[PDB]
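Notes follow the structure.
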Amino acid sequence: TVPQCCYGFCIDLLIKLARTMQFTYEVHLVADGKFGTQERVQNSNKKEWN
Amino acid sequence: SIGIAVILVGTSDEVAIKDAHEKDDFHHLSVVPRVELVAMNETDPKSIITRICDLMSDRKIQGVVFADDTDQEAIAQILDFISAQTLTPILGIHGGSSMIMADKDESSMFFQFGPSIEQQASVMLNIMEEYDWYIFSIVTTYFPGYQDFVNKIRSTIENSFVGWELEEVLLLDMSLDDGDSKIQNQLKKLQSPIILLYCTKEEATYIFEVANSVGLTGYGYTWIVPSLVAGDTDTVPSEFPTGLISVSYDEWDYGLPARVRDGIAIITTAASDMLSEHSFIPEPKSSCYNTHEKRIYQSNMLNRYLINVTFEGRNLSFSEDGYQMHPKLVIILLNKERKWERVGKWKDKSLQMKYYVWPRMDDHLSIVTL
Amino acid sequence: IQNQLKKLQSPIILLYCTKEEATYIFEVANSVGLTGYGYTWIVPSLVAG
Amino acid sequence: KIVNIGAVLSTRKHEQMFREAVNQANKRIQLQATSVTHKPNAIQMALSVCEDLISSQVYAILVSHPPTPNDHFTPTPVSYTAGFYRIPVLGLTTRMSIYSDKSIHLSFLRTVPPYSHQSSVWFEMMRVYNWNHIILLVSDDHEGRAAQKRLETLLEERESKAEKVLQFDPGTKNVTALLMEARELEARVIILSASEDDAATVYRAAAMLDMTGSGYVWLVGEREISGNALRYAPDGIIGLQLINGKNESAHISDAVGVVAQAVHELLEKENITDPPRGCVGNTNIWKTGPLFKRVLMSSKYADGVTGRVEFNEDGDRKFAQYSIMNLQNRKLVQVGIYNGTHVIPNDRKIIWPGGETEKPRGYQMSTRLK
């Protein structure tokens, strides 16, 4: 993992919410790089989100 | 030169068992285990324990496997207790010792051949999927094993990619006084075409009588029961509905002497492999009285190594709970006359039916298409 | 009669008989159990008297 | 007719006291007294129990705890010996949670509160203290698993999920990983339920990580308070203690009265058969075993010397008394008593962990989010 920069609509809304509610946050991207789906494959007998 | 004993109960072909034991060859393992065929009656469990202690103290006996023609689980429980106390390895070929107990002892060394609670549920689910069934019900008595099996089946069906429809679950208790009216009123709420029952013989008979009194047990009813609901296929209570489907152990095709010889050979091979690898053979004072100080020599290595054995191109590895990994099961069906007929056999999670079209018991028309 | 009465599935049922017959039908319905909440019975003027 | 009773216990002075009590209660159908000592082995104890049952032909056997610290193997032998003939057995000082399932122990009665009630007591204490976030830390064991299941059931009854559950291995030398994983939460109510050996290590690891200061609440049981855990126990810890758990002569009178009531209520039934004296001769199941057990289970006691005596579903003695102790200045003192319905505190003061006189909130507000 390497440090990068982040800005945009979501970052602006996050800053607005942080200034409104006065809390702290640590933004970081997802390693999978995807939204997610329902992994209900019966091969592993387990179901969980990714 | 390990001492292996064999005990029989009731009437049995002792000559065939002796021939099968003598025909065993273990030259590669170099175990050279001796055979000791002893006959015993069904007098009491204390006499059996005394005979087992005498056989163990006779000539460096480190193992014994017995079979009984009865069906009471008390003998199997006493055998498991004796094996846990003496810390000796004991196995059950068939009969009363073949019963699978619910909660086994932690510091015990026992192994039996048979299916588990989850295996029967998996076989039932596979049979239902093969029979194009997509709906079922849950009904069990106040027994803890039935509730555990129902919970396991629910957990297995929850993480299923295919669809499933569960109507409701019934946990009525038949031990209450004058509670038959409430049970009969609650049984009318069932609407699915398939219902699962897991209870004792008397409880199953009472449930069948209640269903017959209700009237929803003739045509649009399908009842599935476990292997413990029937017990004896020769005897029928004449109160169960026709067409009941239940699983059972493969006993008509499996031979008792051949299976006993195979188990003895596998045990001898495992003992030889353990003595060759760990270079430690447990040979303590095989006595009955004053067995508290006999636990100085730990025998956990023999128990840990007995869960991995193979011989004659067969897999006999057990599990952590004391059940076989790949058991032998069969399917039974109810005909017009009171009898049990073999429908299909399952092995290694592979079903094998003897008919492409299931017998339904004018409707059922045949339509041709191109 | 008790077995045939279980085939009823509608929420409303009409009864037209005598007093003793109506009482017997009500007893059979109470024994069956489908007469507490999801049952509606309609009787004529000759059933009460 | 004449019907004798059986028992097996140590401390022959207590045996003579129980014999005198039985002789006094016989004046209230003739009963006799027959008791023996305990052997240093399980097979010898089973043989002695079988000999006593064959000589006396009694229908009930009373078992108590031996002088050993575990006092768990002695109860399994008598139970396994009585299960062969379906003879009921009543326990006096049986507190192990392993002897709870009806599969292992078919006919077994207790006279004290099992470890399953500890979860309900902790839930009641948390509800009285207005708490909603607790952490359940239990070791991998049968009693620990039963307590965790009871706590999960009590939490799901009120529709409240657990904050975080951590399980450890029995006998783990290093437990800092579990403490570090638990210290990364927002809850402050830490519940511990394990053996006295691991309790000292758990308290040491908690004190090393500065997790026993202000704002933390420790809820333990009787097993974590006794033993060598008091040497390294932290101040402000609230534990539990049985009122009449140490005493054994008070419950003996209630057990004898219950046995006499059951024998009086069972002798007035038809098709009654006494226990056969052929312990080594016959191995049949007495038909009067299940009926007598069912009659004794519902035999509610009106009044006794240790409060109301009742029987739960799975053979448990409910309506127990607990003493809420408190470790203040290296001295244990009671502060309240829970009489089943609720716990009424005394006029004494309680000192929470860290020296804070005010009651802690037991919760935190996380300010760093991801």
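Letters A, B, ... go to the chains of the structure tokens in the order shown; residues in each chain start at 1; ligands are counted from 1 in the same order.
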Q. DSSP on the backbone: what in chain C comes out strand (DSSP E or B), as an NGL selection string?
A. :C and (13-14 or 41-42)
Exercise: residue 4 of chain D partners within 6 Å, only C-alpha atoms, chain neighbours under 3 positions left out, as a tab-separated table (two decimals) with C-alpha atoms, in the first residue's frame:
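Resulting contents of part_33.tsv:
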```tsv
chain	number	residue	atom	x	y	z
D	31	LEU	CA	-37.06	-49.35	54.99
D	32	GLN	CA	-33.51	-50.50	55.70
D	58	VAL	CA	-32.67	-51.61	46.24
```
Q: Would you mind listing what lies within 9 Å of residue 48 of chain A as a ChimeraX atom specification, with only C-alpha atoms counted and same-chain residues fewer than 3 positions away left out?
A: /A:37-40
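Residue nearest chain B within the list D:321, D:283, D:37, D:56: D:283 [criterion: smallest interatomic distance, only C-alpha atoms].
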Q | Surrounding residues of residue 159 of chain B excluding itself and chain neighbours under 5 positions, 9 Å, only C-alpha atoms, as a PyMOL selection string | A | (chain A and resi 40-42+45-47) or (chain B and resi 154)
The selected residues should be written to file as a CSV table (one decimal), in the first residue's frame (atoms: N, CA, C and O atoms).
```
chain,number,residue,atom,x,y,z
A,40,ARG,N,-22.9,-17.0,-2.2
A,40,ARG,CA,-23.6,-18.1,-1.6
A,40,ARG,C,-23.2,-19.4,-2.2
A,40,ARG,O,-24.0,-20.3,-2.4
A,41,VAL,N,-21.9,-19.6,-2.6
A,41,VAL,CA,-21.5,-20.8,-3.2
A,41,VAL,C,-21.5,-21.9,-2.2
A,41,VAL,O,-20.9,-21.9,-1.1
A,42,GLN,N,-22.2,-23.0,-2.6
A,42,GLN,CA,-22.3,-24.2,-1.7
A,42,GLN,C,-21.1,-25.1,-1.7
A,42,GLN,O,-21.1,-26.1,-1.0
A,45,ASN,N,-19.7,-24.4,1.7
A,45,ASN,CA,-20.8,-24.5,2.8
A,45,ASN,C,-20.9,-23.3,3.6
A,45,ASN,O,-21.6,-23.3,4.7
A,46,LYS,N,-20.4,-22.1,3.1
A,46,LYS,CA,-20.5,-20.9,3.9
A,46,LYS,C,-20.9,-19.8,2.9
A,46,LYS,O,-20.7,-19.8,1.7
A,47,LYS,N,-21.6,-18.8,3.5
A,47,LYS,CA,-22.1,-17.6,2.7
A,47,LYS,C,-21.7,-16.3,3.4
A,47,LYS,O,-21.9,-16.2,4.6
B,154,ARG,N,-31.3,-27.1,9.5
B,154,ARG,CA,-31.6,-25.7,9.2
B,154,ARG,C,-30.4,-24.9,8.8
B,154,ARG,O,-30.4,-24.1,7.9
```
Polymer residues at most 12 Å from residue 257 of chain B, only C-alpha atoms, same-chain spacing of 4 or more positions, as a short mmCIF file (atom, residue, chain, number, x, y, z; two decimals) with N, CA and C atoms, in the first residue's frame:
```
data_model
loop_
_atom_site.label_atom_id
_atom_site.label_comp_id
_atom_site.auth_asym_id
_atom_site.auth_seq_id
_atom_site.Cartn_x
_atom_site.Cartn_y
_atom_site.Cartn_z
N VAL B 6 -11.26 -61.23 20.25
CA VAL B 6 -12.54 -61.16 19.56
C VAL B 6 -13.58 -61.89 20.40
N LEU B 8 -17.79 -62.83 20.90
CA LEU B 8 -19.06 -62.97 20.21
C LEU B 8 -20.17 -63.24 21.23
N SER B 12 -23.57 -67.48 16.29
CA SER B 12 -22.79 -66.90 15.21
C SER B 12 -21.88 -67.97 14.63
N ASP B 13 -21.54 -67.80 13.35
CA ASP B 13 -20.66 -68.73 12.64
C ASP B 13 -19.22 -68.48 13.10
N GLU B 14 -18.83 -69.18 14.16
CA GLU B 14 -17.49 -69.01 14.70
C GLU B 14 -16.43 -69.58 13.76
N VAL B 15 -16.75 -70.64 13.03
CA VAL B 15 -15.78 -71.24 12.12
C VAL B 15 -15.47 -70.28 10.97
N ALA B 16 -16.50 -69.62 10.44
CA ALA B 16 -16.27 -68.66 9.36
C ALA B 16 -15.44 -67.47 9.84
N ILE B 17 -15.72 -66.98 11.05
CA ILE B 17 -14.94 -65.87 11.59
C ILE B 17 -13.49 -66.29 11.82
N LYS B 18 -13.27 -67.51 12.32
CA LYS B 18 -11.91 -67.99 12.52
C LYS B 18 -11.17 -68.13 11.19
N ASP B 19 -11.86 -68.63 10.16
CA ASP B 19 -11.23 -68.75 8.85
C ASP B 19 -10.89 -67.38 8.27
N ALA B 20 -11.79 -66.41 8.44
CA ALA B 20 -11.53 -65.06 7.94
C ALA B 20 -10.38 -64.41 8.69
N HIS B 21 -10.26 -64.67 9.99
CA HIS B 21 -9.16 -64.11 10.76
C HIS B 21 -7.84 -64.77 10.39
N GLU B 22 -7.86 -66.08 10.12
CA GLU B 22 -6.63 -66.77 9.74
C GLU B 22 -6.20 -66.41 8.32
N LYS B 23 -7.15 -66.09 7.45
CA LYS B 23 -6.82 -65.72 6.08
C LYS B 23 -6.19 -64.34 5.97
N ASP B 24 -6.22 -63.54 7.04
CA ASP B 24 -5.63 -62.21 7.00
C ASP B 24 -4.11 -62.31 6.92
N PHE B 66 -15.98 -56.67 20.37
CA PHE B 66 -17.07 -57.59 20.63
C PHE B 66 -18.31 -57.19 19.84
N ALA B 67 -19.18 -58.16 19.60
CA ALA B 67 -20.44 -57.95 18.91
C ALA B 67 -21.56 -58.64 19.68
N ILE B 93 -18.07 -53.91 16.11
CA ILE B 93 -18.31 -54.39 14.76
C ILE B 93 -19.73 -54.06 14.32
N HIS B 94 -20.72 -54.62 15.02
CA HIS B 94 -22.12 -54.41 14.69
C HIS B 94 -22.96 -54.85 15.88
N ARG B 261 -13.12 -59.01 10.13
CA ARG B 261 -11.75 -59.31 9.74
C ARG B 261 -11.05 -58.09 9.16
N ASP B 262 -11.77 -57.30 8.35
CA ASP B 262 -11.18 -56.08 7.80
C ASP B 262 -10.85 -55.09 8.90
N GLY B 263 -11.74 -54.93 9.88
CA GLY B 263 -11.46 -54.04 10.99
C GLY B 263 -10.28 -54.50 11.83
N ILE B 264 -10.19 -55.81 12.07
CA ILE B 264 -9.06 -56.34 12.83
C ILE B 264 -7.75 -56.11 12.08
#
```
